[PDB]
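One structure below.
Just so it is clear, the values below take in all heavy atoms, side chains as well, and ignore hydrogens, waters and symmetry mates. Letters A, B, ... are given to chains in the order of the sequence lines, protein chains preceding strands, and every chain is numbered from 1.
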Protein chains: 8
Amino acid sequence: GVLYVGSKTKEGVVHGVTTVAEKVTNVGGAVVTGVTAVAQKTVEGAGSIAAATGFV
Amino acid sequence: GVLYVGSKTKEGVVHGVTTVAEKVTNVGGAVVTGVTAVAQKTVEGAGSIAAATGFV
Amino acid sequence: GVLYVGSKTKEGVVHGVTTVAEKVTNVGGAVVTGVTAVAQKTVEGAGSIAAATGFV
Amino acid sequence: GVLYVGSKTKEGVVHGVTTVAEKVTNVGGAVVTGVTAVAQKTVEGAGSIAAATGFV
Amino acid sequence: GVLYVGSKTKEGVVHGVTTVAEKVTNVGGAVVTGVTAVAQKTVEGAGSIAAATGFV
Amino acid sequence: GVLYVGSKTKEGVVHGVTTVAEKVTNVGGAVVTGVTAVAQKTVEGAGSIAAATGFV
Amino acid sequence: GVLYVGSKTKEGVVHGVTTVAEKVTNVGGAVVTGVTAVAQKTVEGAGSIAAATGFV
Amino acid sequence: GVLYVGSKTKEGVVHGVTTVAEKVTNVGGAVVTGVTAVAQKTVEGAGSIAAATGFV
């Protein structure tokens, strides 16, 4: 079909994924970040996005 | 189909994936970042985006 | 189909993937960063983008 | 299909992947960075982009 | 005497004086702006900081 | 006396004086801006900082 | 006396005085801008800093 | 007296005075700009810094 996106900002400070440790880090397979962030049909068909982590 | 995206900003400081350790880092397979970030059909058919990490 | 993107900014400082350690770094297979970042069909067919890392 | 991207900026400094260590670095296979960053069909067919690293 | 200032932040977007008109602008004589903004003894003695505006 | 100032940041986008008109601009005589902004004894004795503007 | 300033940053984009018109600009006599901006005794004695503007 | 300033940065772009017009510009007498900007005793004695402008 159709997807229409229209945006207008002036100030914006965007942080997609932020991680802090003070005393392992796996980040995902389809990460979309921004002032105008658009994602469409990340997986189609018999696809796969697997983000695993193992620990012993 | 159709995807139309239009954006207008003046100030914006974008950070897609940010990691901090003060006292292992694996980042993913399709990371799209910016003031205007668009992603389409990141996987199609029998594809794969696997972001694994093992630890002992 | 059709993918249209139009952006207009004035000030913006973008950081796609940023890692900091103060006391191992594997970065991913399709990383797109910028004031205007667009990605289409990062995988098609029986493709693969694997960002793995093991630790002992 | 058709892919159209148009952008207009004045001030912006982009940093695609940035790593800092203060007390091993593997960077990925398809990294696209700029004020206007566009990537299309990074993998097609039975292709592969692997950013793997081991440590002992 | 003594003035001690100590600060630690991670993210902060500071705007000292911001003005918007959509359909005259006089700004002051001692304007201090920042993440750590310190001002001491702006006027001493028989001084003066006059910020006037006249309109017909 | 003594003025001691100490600061530590990581991300901060500072804007001292910002003016916008969409449909006259006079800016002041002692404007100090930045991530660490310090001002001392901006006027001493019989001084003057005058930011005037007239309009017909 | 003593004035001590110590700063440590990583990312910061500073804009001291910024003016925008979309449909006369007088900027001031002592403007200090930067990641670390320090000003001391901008006027001493019988000094003067006058940022005036008239309009008909 | 004593003035001491110490700074350490990595990424930062400074713009002291910035003017934009899309449909007269007078800039001031003591403008100090940089990643580390320091100004001391801009006027001393019976001095003067005047940034004046008239319009008809």
Donor-acceptor pairs under 3.5 Å, side chain of residues 27-43 of chain G to any protein atom, not counting sequence neighbours: which ones?
unit_1, atom_1, unit_2, atom_2, d
G:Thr36, OG1, H:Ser7, OG, 3.3
G:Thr42, OG1, F:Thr42, O, 2.5

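With chain G as partner, the option from F:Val17, F:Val2, F:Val56, F:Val20 having the largest number of non-hydrogen pairs under 4.5 angstrom is F:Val17. When each of G:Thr18, G:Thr25, G:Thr19 is checked for heavy-atom pairs under 4.5 Å with chain F, G:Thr18 comes out on top. In terms of heavy-atom pairs under 4.5 Å with chain F, the best-connected choice from G:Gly54, G:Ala52, G:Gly1 is G:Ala52. Heavy-atom pairs under 4.5 Å with chain G peak, among F:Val24, F:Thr53, F:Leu3, at F:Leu3. The candidate from G:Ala50, G:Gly47, G:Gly45 with the greatest count of non-hydrogen atom pairs under 4.5 Å with chain F is G:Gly45.
A distance of 5.0 Å separates CZ of F:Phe55 from CZ of G:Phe55, quoted to the nearest 0.5 Å. We find the NZ-NZ distance between G:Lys10 and F:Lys8 to be 10.5 Å, quoted to the nearest 0.5 Å. Atom-to-atom distance recorded for G:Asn26:CG and F:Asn26:CG is 5.0 Å, nearest 0.5 angstrom.
For residues 17-52 of chain F, there are no ring pair (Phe, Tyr, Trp, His ring centres under 6.0 Å) pairs, not counting sequence neighbours.
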